[PDB]
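> this one is an experimental structure. Sequence first:
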Number of protein chains: 2
Amino acid sequence: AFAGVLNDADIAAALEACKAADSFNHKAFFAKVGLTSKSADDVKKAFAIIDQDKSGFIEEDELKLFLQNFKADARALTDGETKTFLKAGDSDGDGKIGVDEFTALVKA
Amino acid sequence: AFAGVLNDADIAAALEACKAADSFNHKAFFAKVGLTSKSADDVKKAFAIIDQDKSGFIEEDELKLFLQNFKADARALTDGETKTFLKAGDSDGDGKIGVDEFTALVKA
Ligand SMILES: [Ca+2]
Ligand SMILES: [Ca+2]
Ligand SMILES: [Ca+2]
Ligand SMILES: [Ca+2]
């Protein structure tokens, strides 16, 4: 769903780097895919895509499927990867990621 | 923000019909703009656009600005219009519209 927003080549490179189980790193991904240099606006658009059910939060099953929003056939993150990603972004400890937590996670 | 999803002509007709203060009717708008025949998926995409801050709910100030998501220079809804729209869609009475309430509002 990041057709004319990211860059096909950027997404491909990002995905190739984390193909191995437990090799994912959110900072490396965001930087490579080109999201870190985006406007708060486009970051909110990205958030909405990742929030599959539009609940206003990225819950753990949505996070597990993170890569699939970029390339449909991308692998699922491992439990370890998901938990690490969740822990890094979940500032208030409610177990999900809201738009502000997501924005801080992206912008670093 | 409904560039290749709606139809320029549909949006224009929809907007012309409710230009007068208190002339808005959500069922007439949705039918005219072509949202009622959309897949639950595209309806969720529309929801996300209307939910300006990505909180997961369309709050009353967002509802007031409903038309502005279709054409940037569209008028704001009146208080009467907003309240009526809110009342029609807010099934659980919490004062905001969640994705499921929005979907039912669209599909009729
Ligand atoms: Ca969600
Ligand atoms: Ca949180
Ligand atoms: Ca909102
Ligand atoms: Ca409600």
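Okay, I see it. Numbers count the residues shown, from 1 in each chain, chains lettered A, B, ... in the order given. Ligands and ions are numbered 1, 2, ... in the order given.
> nearest residue to the middle of chain A?
residue A:66 (5.1 Å; C-alpha atoms, centre = their mean).
> quick check on residue A:58: phi, psi?
The phi and psi values for residue A:58, taken as degrees, to the nearest 10, are phi -90, psi 110.
> contacting residues for the closest residue to it other than its chain neighbours?
Nearest residue to residue A:58, sequence neighbours excluded (C-beta to C-beta, 6 or more residues apart in numbering or on different chains): residue A:97, at 4.3 Å. Where you see a C-beta, it was placed from the backbone N, CA and C, and this is true even at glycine. Residues counted as contacts of residue A:97 (C-beta atoms under 8 Å, 6 or more residues apart in numbering or on different chains) are A:57, A:58, A:63, A:86, A:89, A:90, A:105.
> equivalent analysis for residue A:107, please.
A:36, A:43.
> likewise residue A:49?
A:1, A:2, A:69.
> counting neighbours, which of those residues comes out on top?
Of all those, residue A:2 has the most neighbours under the rule other C-beta atoms under 10 Å in any protein chain shown, reaching 18 neighbours.
> that one: what secondary structure?
coil (DSSP: H, G, I helix; E, B strand; the rest coil).
> picking that back up, ok, so what distance separates the residue nearest to the centre of chain A from residue A:94?
Distance from residue A:66 to residue A:94, counting by C-beta to C-beta, to the nearest Å: 19 Å.
> ok, the residue nearest to residue A:58 to ligand 3 distance?
Applying C-beta to the ion, to the nearest Å, the value for residue A:97 to ligand 3 is 16 Å.
> tell me which residue in chain A sits closest to ligand 4.
Closest residue of chain A to ligand 4, C-beta to the ion: residue A:56 (12.5 Å).
> could you count how many residues lie near the closest residue in space to that residue that isn't next to it in sequence?
Spatial nearest neighbour of residue A:56, excluding adjacent residues (C-beta to C-beta, 6+ apart): residue B:56 at 1.8 Å. Counted with other C-beta under 10 Å, residues neighbouring residue B:56 total 20.
> so what's residue B:56 up against?
A:51, A:54, A:55, A:56, A:57, B:98, B:99.
> top of those residues by neighbour count?
Within the contacts of residue B:56, most neighbours by other C-beta under 10 Å means residue A:51, with 26 neighbours.
> for that residue, which non-adjacent residue is closest in space?
residue A:58 (5.4 Å).
> what's the distance between the one you found and residue A:20?
With C-beta to C-beta as the criterion, residue A:58 and residue A:20 are 23 Å apart.
> neighbour count winner among the two?
More neighbours surround residue A:58 than the other of residue A:58 and residue A:20, with 27 against 8 (other C-beta under 10 Å).
> is it true that the more buried one touches residue A:99?
No: Residue A:58 is beyond contact range of residue A:99, at 9.2 Å (criterion: C-beta atoms under 8 Å).
> what residues are shared contacts of the two?
Joint contacts of residue A:58 and residue A:99 (C-beta under 8 Å, 6+ apart) are residue A:47.
> ok but the residue of chain A closest to ligand 4 is inside a helix, no?
No: using three-state DSSP, the secondary structure at residue A:56 is coil, not a helix.
> for it, phi and psi?
Per degrees, to the nearest 10, the backbone of residue A:56 is at phi 100, psi 0.
> which residue does chain A have closest to ligand 3?
Counting by C-beta to the ion, chain A gets nearest ligand 3 through residue A:56, at 7.5 Å.
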